[PDB]
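Student: Below: one structure in structure tokens.
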Protein chains: 4
Amino acid sequence: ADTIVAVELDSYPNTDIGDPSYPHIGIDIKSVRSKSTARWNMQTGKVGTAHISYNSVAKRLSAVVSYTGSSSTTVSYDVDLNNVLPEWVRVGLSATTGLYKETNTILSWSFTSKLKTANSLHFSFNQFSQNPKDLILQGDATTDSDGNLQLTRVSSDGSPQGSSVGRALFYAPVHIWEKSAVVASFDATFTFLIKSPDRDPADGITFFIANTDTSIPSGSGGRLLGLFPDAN
Amino acid sequence: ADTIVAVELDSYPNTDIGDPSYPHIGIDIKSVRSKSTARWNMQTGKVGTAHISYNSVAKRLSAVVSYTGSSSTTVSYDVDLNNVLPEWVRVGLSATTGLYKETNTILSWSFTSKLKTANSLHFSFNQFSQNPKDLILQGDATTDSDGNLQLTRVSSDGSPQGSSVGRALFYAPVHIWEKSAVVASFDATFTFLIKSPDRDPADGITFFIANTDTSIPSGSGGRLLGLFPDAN
Amino acid sequence: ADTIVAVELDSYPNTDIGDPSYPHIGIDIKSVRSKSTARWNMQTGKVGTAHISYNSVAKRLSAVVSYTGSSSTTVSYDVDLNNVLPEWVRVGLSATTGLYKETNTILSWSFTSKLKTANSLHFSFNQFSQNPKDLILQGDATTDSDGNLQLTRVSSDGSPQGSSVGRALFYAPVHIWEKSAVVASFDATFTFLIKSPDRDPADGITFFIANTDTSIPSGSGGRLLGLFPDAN
Amino acid sequence: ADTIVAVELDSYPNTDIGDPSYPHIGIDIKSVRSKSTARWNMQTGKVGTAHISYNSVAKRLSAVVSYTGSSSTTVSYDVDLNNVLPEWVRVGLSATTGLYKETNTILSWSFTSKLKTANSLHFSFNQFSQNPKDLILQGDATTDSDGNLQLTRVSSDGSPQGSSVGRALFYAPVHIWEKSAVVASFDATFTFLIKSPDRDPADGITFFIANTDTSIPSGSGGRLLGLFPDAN
Ligand SMILES: OC[C@H]1O[C@H](Oc2c[nH]c3ccc(Br)c(Cl)c23)[C@@H](O)[C@@H](O)[C@@H]1O
Ligand SMILES: OC[C@H]1O[C@H](Oc2c[nH]c3ccc(Br)c(Cl)c23)[C@@H](O)[C@@H](O)[C@@H]1O
Ligand SMILES: OC[C@H]1O[C@H](Oc2c[nH]c3ccc(Br)c(Cl)c23)[C@@H](O)[C@@H](O)[C@@H]1O
Ligand SMILES: OC[C@H]1O[C@H](Oc2c[nH]c3ccc(Br)c(Cl)c23)[C@@H](O)[C@@H](O)[C@@H]1O
Ligand SMILES: [Ca+2]
Ligand SMILES: [Ca+2]
Ligand SMILES: [Ca+2]
Ligand SMILES: [Ca+2]
Ligand SMILES: [Mn+2]
Ligand SMILES: [Mn+2]
Ligand SMILES: [Mn+2]
Ligand SMILES: [Mn+2]
């Protein structure tokens, strides 16, 4: 299977697969069952910002998801990523809807990786082109006429659809560790807009890092956020 | 054919296709016959550094190739690139040898493109991996066990071979212009080592920007630096 | 006197000191009488963005001032800055009002200088603190309770005042050239808001680079944009 | 007194003030008595590199000091810096010698701070000017004719002197936290050369962050690394 490290913004509590009973953010290391989570007071219809960081000395993957003036939710997990992930990876955003639904709209995304002693990679998109040639769009993901990356299916009127999954990967593999590296670090930020007509919107957005040839796993819809073939 | 904009570090004077009669640096806009050139006092066996810059307001593509303490050769050409090139491009280095030869070794390469009003892309390599997954290596290009990108064929003992061509492209397409852009800029630097046993080494190195699906043209060896199908 | 290089966003045409007869942007090299200007369709009450760039190989100082969806005004001037300016400088924004007036509000400012072969400096402010300890505020300049840098005096109700001058300098000197530099480049962007009740607002905003110990010259009000002691 | 957070590269074990009995790196939060230390196999006469990072979500200040091919020493400490330090700070390097001595030569130094939701500051020096106008040199610190920052006194022949203290601060205050910040991060790297004729070289180098008006405390020589007025 793929190897996945992700920060999930999990709008829908699947308590039967170990979610806490409230929307949350989480760090997922090779499992949808987050190694650490924090309650997330999700604000439907407001633009959120997630900042994710790691470096290989501190070995603490952290994320903060905020909405202006209202909340900032943080979660951290200690982990040596460079023992979990392959040396080369692709980085991406995923999102799903399931029985319930929400827009999983990405308005901007930036990422920086540095490998020091050697390499760096930085990209940032404050809008997305109609044909984002440097994105690998998987499943339902497309960019819309406003320049937004719609991870999951939305109709022409902007309404979200259920049973959707989409991911966008940055086109270049990222060399996130090498044997002779002194320290490897990455930072990612994206802003997102989750709107939903559903009382319990679902399912959420992740920023994820995986093997380069990552693809949406069969069976990864809904609660598995397009990342995992099962809930193990 | 491809659309090519390049800065060439042209070690070998092909005066029959319009080179000046001395090694030179040049700016090539859709032709091997540089729109502008400057004499280049090439220093075989010393590590050189090239810095190339452009922005769409100034519309002046400039390059400087230097060697520590000995020379700095500059060439500039006024050109609206964003009318020459497609909106999406790949950026790359090329090099060739022909009847005569030289190592066309790249020790580091960095590139930054920004599109403002929106996007940026930056990569830098101070060494290259044995399997540079974020490079598209074309023709003869490989990375060597010292971490160098050898654009053209070198033998196990490091000796350069003739009739070689190689290019390395950055894996991600780069969005170097969009209609609604206020200004688009790029900068590139690479350091290189050209060694040769030949009295008149050849043929040279370029940094080039092309259509995304650029490939080495048939017939582009030697004097055409792996960039053009002919000398027109 | 100071040595000044500036890009002026000159809202008020002082045709008696060589302004064109319309609002314009200009590049000023040691004189308020711009070496080059472009007509600027100034949009009072809308937020503008200026991007200024230079590098010492291309030797073309360029600026573009835009407002979203309405205009982009560009001006360029060929000049070897590193023969005009001292090796160390301070960079700043200035603005003035005179008999007529306008707000000269700066909402963000970023600047990057690189000296290559060696040094870089980058700062960016997307809002300004109540006590911007890394700004040297000269004359009337202050930051306001919205986080804006008000270059020239505004009253508590936000109304601009006449006969005002203010500048903000970045606190650190910037080493913008050294003898052994291969190339020196800088980029600056700032966004600004010029509002005025006056039919002919005045006087304008500049981004400027000067000797480190630059101060507002006596007599530099109004048309001289806080930069020059006279109109020579 | 000043408020000091530092990463110390402590070449000399002052076990009477709580040093471990071997050269070490340490994180010091308002005390010379490190909150955390790691054994440092100091390599006199070889160029070392220190990378220090922090961000306010992870709240883990980490440092790694390495020498090519021989060692990489890491130390981390969990700490909410933005509760320890003032919102505005100066960042600097310090070094001392005492009864014993060593060169505390800085060959390069870079620093990046970002405050997000807003501001960033980055500087890097790969050599230092004879008159580093953007450094506040305190005590003995000077730059030498090779472009190195000699924190502590060295004679014309390059030999280190005892009873020396010197610091260099970056000239601009750095806004490292604000109430409304979502996350604040900083990274610093410097490379250094510690040479000594002494069997037990002393005393060490730090990178430190302090109140803006920080100055070398009286009594801060030798073991107190120019940072603290006493060993408490
Ligand atoms: O809201 C999105 C969620 O919808 C689905 O599961 C259910 C959520 N509420 C339910 C109610 C009834 C039944 Br049966 C099902 Cl499967 C569900 C599942 O598809 C989950 O994986 C997904 O996270
Ligand atoms: O040195 C590299 C050069 O070698 C070739 O051409 C010649 C260079 N010197 C010559 C001498 C004789 C003859 Br015939 C030829 Cl084709 C050449 C050609 O292959 C050129 O395109 C290339 O630039
Ligand atoms: O609007 C700002 C301008 O106001 C002043 O000059 C005048 C602008 N309109 C005028 C009308 C009459 C007279 Br007298 C004067 Cl000095 C002026 C001068 O202060 C100019 O330097 C300044 O640019
Ligand atoms: O080597 C540098 C060290 O020299 C000094 O202390 C001594 C180190 N070795 C000693 C031996 C004897 C005596 Br007395 C003293 Cl004070 C010392 C002190 O100055 C320490 O603060 C400093 O770290
Ligand atoms: Ca869930
Ligand atoms: Ca040639
Ligand atoms: Ca004027
Ligand atoms: Ca000690
Ligand atoms: Mn979850
Ligand atoms: Mn040529
Ligand atoms: Mn003017
Ligand atoms: Mn210690």
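We name chains A, B, ... following the order of the structure tokens; residues begin at 1 in each chain, and ligands are numbered from 1 as shown.
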Write out as a VMD selection string the residues lying within 12 Å of residue 185 of chain C, counting only C-alpha atoms and excluding same-chain residues fewer than 6 positions away.

Tutor: (chain B and resid 51 to 55 187) or (chain C and resid 52 to 62 80 to 82 111 to 122 174 to 178)

Student: To check your reading of the model: which residues sit at most 8 Å from ligand 6 when counting only C-alpha atoms and all ligand atoms? Write the answer as a CSV table (one decimal) with N, CA and C atoms, in the first residue's frame.

Tutor:
chain,number,residue,atom,x,y,z
B,10,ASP,N,28.8,29.0,-24.5
B,10,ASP,CA,29.1,28.3,-25.7
B,10,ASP,C,30.6,28.3,-25.8
B,11,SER,N,31.2,27.2,-25.5
B,11,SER,CA,32.6,27.1,-25.4
B,11,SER,C,33.3,27.1,-26.8
B,12,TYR,N,32.5,26.8,-27.8
B,12,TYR,CA,33.1,26.4,-29.1
B,12,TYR,C,32.6,27.3,-30.2
B,13,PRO,N,33.5,28.0,-30.9
B,13,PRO,CA,32.9,29.0,-31.8
B,13,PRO,C,32.6,28.3,-33.2
B,14,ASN,N,31.4,28.2,-33.5
B,14,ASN,CA,30.9,27.7,-34.8
B,14,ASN,C,30.6,28.9,-35.6
B,15,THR,N,31.6,29.5,-36.2
B,15,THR,CA,31.4,30.8,-36.9
B,15,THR,C,30.6,30.5,-38.2
B,19,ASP,N,28.2,32.0,-34.7
B,19,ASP,CA,28.9,32.3,-33.4
B,19,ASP,C,29.9,33.3,-33.7
B,23,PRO,N,34.9,31.7,-27.7
B,23,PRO,CA,33.9,31.2,-26.7
B,23,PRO,C,33.1,32.4,-26.2
B,202,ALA,N,34.5,21.8,-26.5
B,202,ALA,CA,33.2,22.0,-27.1
B,202,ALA,C,32.2,21.1,-26.3
B,203,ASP,N,30.9,21.5,-26.3
B,203,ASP,CA,30.4,22.5,-27.1
B,203,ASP,C,29.7,23.6,-26.2
B,204,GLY,N,29.3,23.2,-25.0
B,204,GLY,CA,28.8,24.2,-24.1
B,204,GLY,C,27.6,23.7,-23.3
B,222,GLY,N,26.2,18.6,-30.7
B,222,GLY,CA,27.3,19.5,-31.0
B,222,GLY,C,26.9,21.0,-30.8
B,223,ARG,N,27.1,21.7,-31.9
B,223,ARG,CA,26.9,23.2,-31.9
B,223,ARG,C,25.4,23.6,-31.6
B,224,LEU,N,24.5,22.7,-31.7
B,224,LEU,CA,23.1,23.1,-31.4
B,224,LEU,C,22.7,22.9,-30.0
B,225,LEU,N,23.6,22.4,-29.2
B,225,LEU,CA,23.6,22.4,-27.7
B,225,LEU,C,22.4,21.6,-27.2

Student: Apply DSSP to the backbone of this structure and, from segment 28-168 of chain D, keep only the residues in strand (DSSP E or B); write these as a PyMOL selection string.

Tutor: chain D and resi 28-29+36-39+47-55+60-67+71-78+88-96+105-116+119-125+135-139+142-143+149-150+154+160+165-168

Student: Pick out the closest residue to ligand 2 from this set: B:158, B:98, B:217, B:26. Count only C-alpha atoms and all ligand atoms.

Tutor: B:98

Student: Please identify all polymer residues within 6 Å of segment 36-41 of chain B, counting only C-alpha atoms, omitting same-chain residues fewer than 4 positions from it, and present them as JSON, numbers by chain.

Tutor: {"B": [23, 24, 25, 26, 27, 73, 75]}

Student: Kindly give the distance, in Å, that separates atom CA of residue 192 of chain A and atom CA of residue 1 of chain A, rounded to a single decimal.

Tutor: 28.1 Å

Student: Excluding residue 138 of chain A and any residue of its chain fewer than 5 positions from it, enumerate the residues within 12 Å of it, using only C-alpha atoms, and give them as JSON, numbers by chain.

Tutor: {"A": [92, 93, 94, 95, 96, 143, 149, 150, 151, 152, 153, 164, 165, 166, 167, 168, 169, 170, 171, 213, 214, 215, 216, 217, 226, 227]}

Student: Convert the current residue selection to file output with C-alpha atoms, as a PDB file, in the first residue's frame.

Tutor:
ATOM      1  CA  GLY A  92      -0.624  16.687  -1.662  1.00  0.00           C
ATOM      2  CA  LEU A  93      -3.993  17.701  -0.366  1.00  0.00           C
ATOM      3  CA  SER A  94      -6.905  15.290  -0.245  1.00  0.00           C
ATOM      4  CA  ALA A  95     -10.466  15.553   0.697  1.00  0.00           C
ATOM      5  CA  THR A  96     -13.540  13.426   0.722  1.00  0.00           C
ATOM      6  CA  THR A 143      -9.959  23.695 -10.367  1.00  0.00           C
ATOM      7  CA  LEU A 149      -9.014  23.969  -6.176  1.00  0.00           C
ATOM      8  CA  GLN A 150     -12.141  21.951  -5.486  1.00  0.00           C
ATOM      9  CA  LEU A 151     -10.887  18.757  -4.011  1.00  0.00           C
ATOM     10  CA  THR A 152     -14.256  17.095  -4.025  1.00  0.00           C
ATOM     11  CA  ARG A 153     -17.079  17.473  -6.499  1.00  0.00           C
ATOM     12  CA  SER A 164     -16.591  12.286  -3.537  1.00  0.00           C
ATOM     13  CA  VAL A 165     -12.829  11.956  -3.220  1.00  0.00           C
ATOM     14  CA  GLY A 166     -10.090  14.116  -4.812  1.00  0.00           C
ATOM     15  CA  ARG A 167      -6.447  14.858  -4.278  1.00  0.00           C
ATOM     16  CA  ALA A 168      -3.963  17.217  -5.766  1.00  0.00           C
ATOM     17  CA  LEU A 169      -0.320  16.433  -5.648  1.00  0.00           C
ATOM     18  CA  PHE A 170       2.502  18.657  -6.429  1.00  0.00           C
ATOM     19  CA  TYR A 171       3.916  17.445  -9.675  1.00  0.00           C
ATOM     20  CA  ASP A 213       3.549   7.057  -6.907  1.00  0.00           C
ATOM     21  CA  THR A 214       0.732   7.519  -4.377  1.00  0.00           C
ATOM     22  CA  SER A 215      -2.784   7.129  -5.764  1.00  0.00           C
ATOM     23  CA  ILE A 216      -6.207   7.202  -4.184  1.00  0.00           C
ATOM     24  CA  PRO A 217      -6.685   3.765  -2.594  1.00  0.00           C
ATOM     25  CA  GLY A 226      -8.818   9.437   0.193  1.00  0.00           C
ATOM     26  CA  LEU A 227      -5.665   8.303   1.916  1.00  0.00           C
TER      27      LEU A 227
END

Student: Run DSSP on the backbone of this structure and report the residues of segment 2-187 of chain C it assigns to helix (DSSP H, G or I), as a PyMOL selection string.

Tutor: chain C and resi 15-17+81-84

Student: Residues at most 12 Å from residue 43 of chain C, counting only C-alpha atoms, excluding those fewer than 5 positions away in the same chain, as a ChimeraX atom specification?

Tutor: /C:9,11,23-24,48-49,65-73,102,192-196,200-201

Student: Take the residues that were just selected and, keeping C-alpha atoms, output them as an mmCIF file, in the first residue's frame.

Tutor:
data_model
loop_
_atom_site.group_PDB
_atom_site.id
_atom_site.type_symbol
_atom_site.label_atom_id
_atom_site.label_comp_id
_atom_site.auth_asym_id
_atom_site.auth_seq_id
_atom_site.Cartn_x
_atom_site.Cartn_y
_atom_site.Cartn_z
ATOM 1 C CA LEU C 9 4.158 57.422 -7.361
ATOM 2 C CA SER C 11 -0.055 61.900 -7.713
ATOM 3 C CA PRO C 23 -0.126 61.833 -12.242
ATOM 4 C CA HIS C 24 2.713 59.572 -13.030
ATOM 5 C CA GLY C 48 -2.597 49.869 -5.242
ATOM 6 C CA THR C 49 0.461 47.617 -5.385
ATOM 7 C CA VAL C 65 2.040 50.068 -10.036
ATOM 8 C CA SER C 66 -1.282 48.333 -10.386
ATOM 9 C CA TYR C 67 -4.778 48.247 -9.100
ATOM 10 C CA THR C 68 -6.747 45.027 -9.383
ATOM 11 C CA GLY C 69 -8.609 44.717 -12.646
ATOM 12 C CA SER C 70 -8.023 48.311 -13.703
ATOM 13 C CA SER C 71 -4.512 49.332 -14.592
ATOM 14 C CA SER C 72 -0.893 48.498 -14.507
ATOM 15 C CA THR C 73 1.533 51.315 -15.093
ATOM 16 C CA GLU C 102 -4.214 62.570 0.275
ATOM 17 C CA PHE C 192 -0.854 51.527 -0.575
ATOM 18 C CA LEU C 193 -4.097 53.374 -0.197
ATOM 19 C CA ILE C 194 -4.371 56.928 -1.342
ATOM 20 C CA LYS C 195 -7.736 58.532 -0.469
ATOM 21 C CA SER C 196 -8.330 62.239 -0.788
ATOM 22 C CA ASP C 200 -6.173 67.127 -7.384
ATOM 23 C CA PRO C 201 -4.767 64.931 -4.661
#

Student: Hey, which of B:77, B:100, B:109, B:208 ends up closest to chain C? Count only C-alpha atoms.

Tutor: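 Ranked by minimum distance to chain C, first place goes to B:77.
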
Student: In Å, rounded to a single decimal, give me how far atom CA of residue 206 of chain D is from atom 21 (O, counted along the ligand's line) of ligand 4.

Tutor: 14.8 Å
